Amino acid sequence: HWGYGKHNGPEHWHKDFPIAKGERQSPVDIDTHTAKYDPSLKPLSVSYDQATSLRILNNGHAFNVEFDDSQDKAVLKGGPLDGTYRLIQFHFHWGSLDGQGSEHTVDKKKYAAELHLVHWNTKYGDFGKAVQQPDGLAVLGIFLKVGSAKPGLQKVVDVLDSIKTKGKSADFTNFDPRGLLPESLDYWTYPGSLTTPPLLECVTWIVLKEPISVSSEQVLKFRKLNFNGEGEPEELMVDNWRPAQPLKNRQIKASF
Ligand SMILES: NCC(=O)NCCOCCOCCNC(=O)c1ccc(S(N)(=O)=O)cc1
Ligand SMILES: [Hg+2]
Ligand SMILES: [Zn+2]
């Protein structure tokens, strides 16, 4: 099955998921000189004071921190969006080296990692239904650059040892996502898709201008994770990112 290896990597995904070559894929390069300043763009509204984290899980392609989304607990609104989007999970994409790892690029510049905070439009009732609509999801993308440690990320880093292989999970309550946000909420937005199979084109991307910094040691722990399950040949979970895809006439709007 699909992965990031040379035999099952992104270049092969189109075979089982033809949408891989659709008209609104994701990730893309943000050409900052071609991005359009849209004055009609509203400021983002991140309401995560009430977020209820549940657990963390190694799903074989990344680690996900899941939240309780049975109620309007942690939501995203404003920006290019209409209605409320509820946080379901967050995960990262990282590289084998500091010079690569992000999915989206800014003027072809790659970051060490990229944080994705996944939300689904509540008008559709459930996540499964949101994935069948063109305005079904909203993913908040935050770039990670190597520098100073991120206080707020440390809690995640420490549990990683507990979910080393695919299929492992650990309780992960009382995690506050606000600790992962940059100071500024300026963003780029464009119509896109999931970045992993099934690559559904249901996402409104909100990519923050300002990156968060993490330490070398924080990033290193990410790379200690395994793609494989327990008792199988060890394969380091690195470079779980997809290359930039053709914009194809879509327009990237800037809130700044
Ligand atoms: N009805 C059968 C069926 O499979 N329906 C599935 C409904 O939607 C399924 C989508 O796959 C779910 C798993 N993936 C994700 O949730 C998921 C979420 C976000 C991103 S990303 N990287 O673009 O932020 C990538 C993947
Ligand atoms: Hg869709
Ligand atoms: Zn992602």
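Only this structure's heavy atoms are used, side chains among them; waters, hydrogens and symmetry mates stay out. Whatever order the structure lists ligands and atoms in, that order sets their numbers, starting from 1. Residue numbers start at 1 and run along the sequence shown.
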Contact check, side chains of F67 and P177, non-hydrogen atoms, under 4.5 Å
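When only atoms from C-beta onward are counted, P177 and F67 do touch, with a gap below 4.5 Å.
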Go through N59 and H61 one step at a time and tell me if the side-chain hydrogen bond (donor to acceptor under 3.5 Å, both in side chains) criterion holds.
CA-CA 6 Å; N59 67 16; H61 49 265; 3.2 Å; yes
Tell me which part of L194 gets within contact of ligand 1: side chain, backbone, both or neither, using heavy atoms under 4.0 Å.
both
Quick one: which of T196, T195, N240 has a heavy atom closest to atom 21 (S) of ligand 1?
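Going through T196, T195, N240 one by one, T195 has the nearest heavy atom to atom 21 (S) of ligand 1.
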Among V131, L117, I88, the residue with a heavy atom nearest to atom 9 (C) of ligand 1 is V131
Side chains of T84 and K77, donor plus acceptor under 3.5 Å:
no
Quick one: do the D171 and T173 side chains pair a donor with an acceptor below 3.5 Å?
no
Hey, are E66 and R55 close enough for a salt bridge, meaning a charged N less than 4.0 Å from a carboxylate O?
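Answer for the salt bridge query: yes.
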With a 6.0 Å cut-off on the ring centroids, do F92 and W241 count as close?
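Judged by ring-centre distance (under 6.0 Å), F92 and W241 do not meet the cut-off.
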[atom]: any protein heavy atom closer than 4.0 Å:
atom	answer
atom 14 (N) of ligand 1	no
atom 4 (O) of ligand 1	no
atom 11 (O) of ligand 1	yes

For atom 16 (O) of ligand 1, closest protein heavy-atom neighbour
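Here the nearest protein heavy atom works out to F127 CZ, 3.4 Å.
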Suppose you place the vertex at the Zn ion (ligand 3); what is the angle out to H93 NE2 and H116 ND1, to 10°?
100°
So, does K150 use its side chain to make a donor-acceptor pair with the main chain of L180 at under 3.5 Å?
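Judged by distance alone, no pair lies under 3.5 Å.
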Ignoring hydrogens, what is the shortest heavy-atom contact between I19 and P198? Give both atom names and the distance.
CG2-O, 3.7 Å
Please identify which atoms of ligand 1 are closer than 4.0 Å to at least one heavy atom of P198.
10 (C), 11 (O)
Could you tell me whether some N/O pair between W205 and ligand 1 is separated by less than 3.5 angstrom?
no
Please determine whether any non-hydrogen atom of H93 lies less than 4.0 Å from an atom of ligand 1.
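Heavy atoms of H93 do come under 4.0 Å of ligand 1.
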